[PDB]
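Let me begin by presenting the structure, written as structure tokens, before commenting on it.
Protein chains in written order, with PDB author numbering: chain B, 976 to 1109; chain D, 21 to 263, 269 to 862; chain C, 21 to 44, 50 to 62, 65 to 115, 136 to 227, 231 to 263, 269 to 862.
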């Protein structure tokens, strides 16, 4: 008999990468939620560059998130998210890299983009995308 | 005059617990595990040793194999912090998404491994061969010897197979590293590594995939053995090859036909299905066991030519009556004998027995051929009961045993043995015994008497003595150096609150020499060459650090070799922002018995005040709560309790370990009735010494024995304890297994008086009538103490009308594993005290 | 201003509840037997326990002839079984053969039988019941007397049909489906779990009422093959063993067992010894003769035996169709492909199955047992019967319909693939006997009685008001006018006599306990319809509940969409004006059950009155979804179980706040059991600002884990309704529950077999992942309903205390 041991868990840092491509005027965004590391950025950069996508720098979440959380992607109604949720989890670099794509016809005055904690409804991130970044 | 704890919202409590865990101070989550030291030829480089171990360097949440080079002639003024080199290039060893098969997850629950990845491994020194299980199967690699030491990580080679289930418990044959063994589908298998061929040697499991229909098993430890005796294997290699090359394997075959079965929910809740276990409750029948050999012969190219399997020339139950368990078993280093440790049912007579391989004959059903095998056995072949330990309290089982390879002295057999029932304390003894023979007639069956194979003692020399004991359980071992006639061990000679390393000459029992610095508690592991050792130590006010020391000094006097600090593998952290380390104290009782303890005095204290207290308690045997080790990461919730204004009082009353036998032997047949008096006596003392203890508002809180003790306090001492938060309690004692209840409580046929007053569910009418004075917590999937215990208690509360509250953890076994169940456990814990205390 | 309930200790609440229960069963099913003279005129048998040994026993009573009017009469309760025990409560049921006057029942370990008529002697003293000695192993289940022969009877042993004889004591096993738990999935003549629970059918065998020509006797049973049905595990009542039991539980989306109908013939002689005992089957596979047939709702024979009939249902439960099977279509099971092809051709040509009446709806089909086949003349062309259609006009009404039996002379040797209208017979006439925005009670043991000598049908309906059950009568030869036979202002549960001259009425009202009164019809012979009932005697009288009970008050209102709803409210004891009392919204809100009706509630829900004596108001309203109100009203739940019912609760709860004044909308709880628990949780999620706390009892948390018969009927099996499933499962919306503690209690029985403990187990498992708090109360020894009294008291005490503190 031994006293049961309560598990210890620490949140980790993470970043959110914004990618875009412009065809004629329609924008396709690619949003990546990934733990803050070195190799993953210089890999995903090439993976997106293959399809002529490019990066746009926006601040990562300040708070330290737990690994294994689910986040609703929310916006103003004029957007189309083929995956509506994102998931923070480690990923083997030589394997596939998940993301969420967003289709918008014309940005105009800029579109909002928010991640939101599924369990508690926390606004842990935001981004005011503008045509200036394009 | 009193002090009232601040009232927080539920989300507020969640936030403060999240913050207290975020401020943990970036713990390593694992210290370097079991090490292996490998010398290097000096001309090969600047280093002198290579050190292999397990660990996670905070990079991944995956335990992995690492190594480090031990430098030569390190300079003194500057601290050297060794690296952690990877050995398997980018090889993840946890299964996909971290979900294990039921066999290995149950084994992890039995070993209490809360880490992912390679948990253990097997290592052959000469060939330098590493063999382990990773992902869902076996892997192996080579770094030590002829391959030459590596510089860059290399790829592990998967061992191809054709079996169906998981390959459990790999073991490398010492006599030949070209083979290995394992357990598959509850049977035994031997395989080759080079040729890739396999072979099955046991035919006990039908494979009908239904625990109910195929009861037999071969070379595997049952439940009661794994849980209550901590033996996780059933097979053992003979370390010498006998001359075609013949190899032996001692293994046990269990027969669980008549063992009572129970059903336990499965981790897949949607199925609403249960798994069946052979769970022998107190008073029931334990499985039937036996010991068998399994020979196999090979040629120069490594092909298994023949593969027999033998048995004792008499039924195992006939030669050895009154034997209920097989605690430990193994060989000697020459291969001349195989040994085992037998426990009787009341667990009061353990005995070492020595068995020659010649007593194993092939399984001959033709009675004519069998009487020929029983005729061909040599004369001097018979079992030898070298040692027997009879007590009056109970026999704690030790692994400490070291036989000396005997020269051509046919009579004598010398060995060290950590005996504990002789003086009341665990002490090493050097005993030499003459193996007397009788030249039995195995053709005619024999009904052995009580002293058939007992050989008489020639000498019995104590090597250590005093009011202290030698560490012998929970994975503690001794290292014997036969080139200098020394023995390295660990004990509590200095103070019962510290574990230190020692050495003493086993030829001449002189004076003991401590090798570690005082003021800490050390867990250390020697080298096989006895020139270096690594120690893992900490104290109440300092987190752990892992240093490596080098035994230097004149070669003529080896006892007084001074331990030189060579390098470090991990440093302390000191957890500065919000952790006030507790303060150890000690008092005496009215029966003149010294007890220890510790108190977490409240943060931001003021004179002339009173704080609500929380008497944290385990109280059960084989656990010591108060010792000079760092409680900062194990029990930090108690610090958070203190951070709010509660005064936590821990106390190791009579019944705990590390203080001898007669001290622990106070629970015998009175379990439950005596441990609370020590908690209340040690709680009233702190009211005198310190003044901030508010005896008006006293809680109590425990887990799986303290949960049982939380309820006994509220029954016996309702005026002392206002609330009581029991966790996974043990309500009725007639529904717990044999290996533990019989040891302390003497099956209900004999102790029906004590079983009555100890089972807390049979006294439900003495619990408080008022509401909000009892919380109950239990895990649904629990298989150590099942949900029945809480479920039967609730049933008894309703037959009497007493109020209660309850929290169930559906996806949690006996230990809370996921973080969401941990947070919710603490968040609801603070909230109960915040409102009802 | 506001009002605050007086706080008590735990002992206080327990003591007031013990007192309330300290200050608190009518005769069961009856049968009439004429007594040929004598002082009396009939003898009436029933089941009951008179103020003594707690045991439902057989009690008879002599109805006297020419009773006087000036004084009320109270019949005695005679006994029939001298000092017999029927508890493993009491004799739960029995079967009665009128001609020989033989009662056969199962008492708690074995079968017993007795006789009161035929021998020209009616018993005077309670006699000894005789034991039917058996050589079987387990318990005999579901005995039935053979209407063609009062010597032989049938029963079920280990899922296999058996036939025994009373005079000779010999037995015989007719079917061998059980290999003798999971290894054997085949059963013979038993109703499975879904049939017994969700379709209200508790038998698998059906005797033929007429013997044919040694004398042969037919028995129509069904065979079920549960091979590929899922298995679940439920704890055993003996907690100490820590072992579970296995049941076949086909969850929604899974596959129901495979059904098949089979006769079972047997022949005997003048001495009652069985000579032959065969077993037969359809000339074509059941799966091929009738594709798209999922369940067998009901079955039986006609009056003369010339046909066996059954009611078939498909998986969507939107096509119920009557079928009529002749015994000549069942050939013995023949292994040799030669003997099969000669018997497949040796049957007559006109013999075939007929689809007598196909009911096609758009909502669902409620299984009515109301169907009366008329024995006709040679009459080979036509066939007439009475059927209680409901999908025709949206209400359950009676119909007389005559259909002609067209024949095509199939070649039963060659394999056939039937088309959409293979055996559909064309209708000849269809006249509605009843009409209007009411319905004829058809389910829950409610039946009709058809008198053929006087051409009258007696039925129960709610023609006056949806709150009452009355006994009506109308002529089936001519759709004339209906006549109510029960006194208004009550709700009755009548049972006619086999001679159509008397009827007992067990009736009660909101403010009056149940009383059993026997009425004898006396009227002109020339007009049978206008015969008027005369009160004759009272078997039992109402207690009147005098000292502590106060009956609630029924009201009704209209919603925003102009849909009339009903409701009821227990007014708080000792009410002062300008006082806002704390209320409780007790709710069920599910289909097949209504709660607001003019019947005595003071025995089923007196805790609602105990809640009122403290100072709580109670509000019960039956919104859209309940029964006894048509189909388009009940059919508002379709594919939206959860999303509609709670909207009407607040719509009605607000109404009570204006009609009365003592409703404190700040303090209002919500409480229900097994569908109110589902709705309580759906209220606390949708209306947190409306409801302070919730008390969910045994709730259904996820719909993907419930059986097919109930869920697929209302929720459109998951593949086609993946929107309404996730939006109706409360365990998938846990992130919307309250964060504050002391706002959610959860109770559940551990041994629950209808809605398993997994539902609250999974819910708790989702409350932890979201961080929300809760409380919990487990009843380890209680199934779906809290039976024992300790578990019942400890439930109401903790219900008062959770309201005392956190409301």
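Just so it is clear, CB atoms sit at the ideal spot from N, CA and C, and this is done for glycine as well.
(message) Taking the alpha-carbon of residue 447(D) as reference, which of 380(D), 399(D), 374(D), 502(D) has the nearest alpha-carbon?
(response) Of the candidates 380(D), 399(D), 374(D), 502(D), the one whose C-alpha sits nearest the C-alpha of residue 447(D) is 374(D).
(request) Could you check the C-alpha separation between residue 860(D) and residue 771(D) for me, to the nearest Å? (result) Looking at the two C-alpha atoms, the distance is approximately 42 Å.
(message) Once DSSP output is grouped into helix, strand and coil, what is the label at residue 752(D)?
(response) If DSSP states are grouped into helix, strand and coil, residue 752(D) belongs with the strands.
(request) Return the bridge partner residues of residue 124(D) from the DSSP annotation. (result) Residue 124(D) is bridged by DSSP to nothing; it lacks a bridge partner.
(request) Give every residue of the same chain whose Cβ lies closer than 7 Å to the Cβ of residue 651(C), excluding the five residues on either side of it in the sequence, and list them in chain order. (result) Excluding sequence neighbours, residue 651(C) sits near 609, 621, 622, 623, 675, 676, 677.
(message) If you follow the alpha helix (DSSP H) that residue 585(C) is in, where does it begin and where does it stop?
(response) If you look at residue 585(C), you'll find it isn't in any alpha helix (DSSP H); DSSP assigns it neither H nor E.
(request) Please work out which residues of its chain come closer than 6 Å, Cβ to Cβ, to residue 451(D), disregarding the five sequence neighbours upstream and downstream, and give them in chain order. (result) Contacts found: 443, 445, 494, 495, 497.
(message) When you compare the CB positions of residue 266(D) and residue 526(D), do they come within less than 8 Å of one another, or not?
(response) Within chain D, the sequence of modelled residues goes 263 then 269, so residue 266(D) has no position in this structure.
(request) With a floor of 3 residues, list each beta strand (DSSP E) that falls wholly inside the region 153-208 of chain C, ordered by position along the chain. (result) Residue ranges of uninterrupted beta strand (DSSP E) with 3 or more members, entirely inside the region 153-208 of chain C and ordered along the chain, are 157-162, 188-193, 196-204.
(message) List, in chain order, every chain C residue whose beta-carbon is nearer than 8 Å to that of residue 28(D).
(response) What residue 28(D) touches in chain C: nothing, since even the nearest Cβ is about 12 Å away.
(message) Among the candidates 862(D), 304(D), 709(D), whose CA atom is the shortest distance from the CA of residue 615(D)?
(response) Residue nearest to residue 615(D) within the set 862(D), 304(D), 709(D) is 709(D) (criterion: CA-CA distance).
(request) Could you tell me which chain B residues have their CB closer than 8 Å to the CB of residue 790(C), listed as they occur along the chain? (result) Neighbours of residue 790(C) in chain B, taken as residues whose beta carbon is under 8 Å from its own, are 1093, 1094, 1095, 1096 in chain order.
(request) Output the distance between the C-alpha atoms of residue 825(C) and residue 817(C), rounded to the nearest integer angstrom. (result) Looking at the backbone, the Cα of residue 825(C) and that of residue 817(C) are separated by about 13 Å.
(request) Classify residue 47(C) as helix, strand or coil using the three-state DSSP reduction. (result) Within chain C, residue numbering steps from 44 directly to 50, and residue 47(C) belongs to the interval with no atoms modelled.
(message) I'd like the list of long-range same chain contacts for residue 749(D), defined as Cβ closer than 6 Å, with 5 residues on each side in sequence excluded.
(response) A distance below 6 Å between beta-carbons, with the five flanking residues on each side excluded, links residue 749(D) to the following residues of its chain, in chain order: 725, 735, 739, 799.
(request) Determine, using beta-carbon pairs with one atom in the region 827-838 of chain C and one in the region 29-38 of chain C, whether at least three such pairs fall under 8 Å. (result) These segments do not touch.
(request) Check whether the Cβ atoms of residue 235(C) and residue 281(C) lie closer than 8 Å to each other. (result) With contacts defined by Cβ atoms closer than 8 Å, residue 235(C) and residue 281(C) form a contacting pair.
(request) Please list the partners that residue 231(C) has in chain D, where partner means a Cβ-to-Cβ separation under 7 Å. (result) Against chain D, a Cβ distance below 7 Å from residue 231(C) picks out nothing, because the smallest value is about 12 Å.
(request) Compare the C-beta of residue 49(D) with all C-beta atoms of chain B and state if any pair is closer than 8 Å. (result) Interface residue, yes.
(request) Note down the Cα distance separating residue 532(C) from residue 499(C), rounded to an integer number of angstroms. (result) Their backbone Cα atoms lie some 27 Å apart in a straight line.
(request) Taking only beta carbons into account, state which residues of the region 129-148 of chain D come closer than 9 Å to chain A, listed in chain order. (result) Among the protein chains in the structure shown, which are B, D and C, there is no chain A.
(request) Look at the alpha carbon of residue 328(C) and the alpha carbon of residue 215(C), and state the distance between them as a whole number of angstroms. (result) If you draw a straight line from the Cα of residue 328(C) to the Cα of residue 215(C), it is about 8 Å long.
(request) Confirm, please, whether the CB-CB distance from residue 993(B) to residue 1040(B) is below 8 Å. (result) Contact flag unset, no.
(request) For the alpha helix (DSSP H) holding residue 669(D), just list the boundary residues, first then last. (result) Residues 662-669.
(message) When you compare the region 661-669 of chain C with the region 699-714 of chain C, are there three or more beta-carbon pairs, one atom per stretch, that lie closer than 8 Å?
(response) A contact is defined here as three or more CB-CB pairs under 8 Å, and the region 661-669 of chain C fails this definition with respect to the region 699-714 of chain C.
(message) Would residue 825(C) pass as an interface residue toward chain B - the criterion being a Cβ-Cβ separation below 8 Å?
(response) It does: the Cβ of residue 825(C) has a partner Cβ on chain B nearer than 8 Å.
(request) Evaluate the contact criterion for the region 190-198 of chain D versus the region 101-120 of chain D: three or more CB pairs, one atom per stretch, below 8 Å. (result) These segments do not touch.
(message) Just to confirm the assignment, what range does the beta strand (DSSP E) spanning residue 405(D) have?
(response) Run containing residue 405(D): none; DSSP gives neither H nor E here.
(message) Which of the three DSSP states is assigned to residue 462(D) in this structure?
(response) Coil, per DSSP.
(message) When you compare the region 303-312 of chain C with the region 374-391 of chain C, are there three or more beta-carbon pairs, one atom per stretch, that lie closer than 8 Å?
(response) Output reads no: the region 374-391 of chain C does not touch the region 303-312 of chain C.
(message) Can you tell me which residues form a DSSP beta bridge with residue 366(D)?
(response) In the DSSP output, where bridge partners are listed per residue, residue 366(D) has 377(D).
(request) Could you tell me whether any Cβ in chain B is nearer than 8 Å to the Cβ of residue 847(D)? (result) It does; some Cβ of chain B falls within 8 Å.
(request) Would you check if the region 686-700 of chain D and the region 629-638 of chain D touch, i.e. whether three or more CB-CB distances between them fall below 8 Å? (result) With the rule of 3 Cβ pairs closer than 8 Å, the region 629-638 of chain D does not count as touching the region 686-700 of chain D.
(message) Distance cutoff 8 Å, beta carbons only. Does residue 388(D) sit that close to anything in chain C?
(response) For residue 388(D), the nearest beta carbon of chain C is not closer than 8 Å to its own beta carbon.
(request) Report the partner residues of residue 221(D) according to the DSSP bridge assignment. (result) For residue 221(D), which the question treats as bridged, DSSP gives no partner whatsoever.
(request) Taking C-beta pairs closer than 9 Å, name the residues in chain D that residue 982(B) reaches, listed in chain order. (result) The contacting residues are 134, 840, 841, 842, 843, 844, 846, 847.
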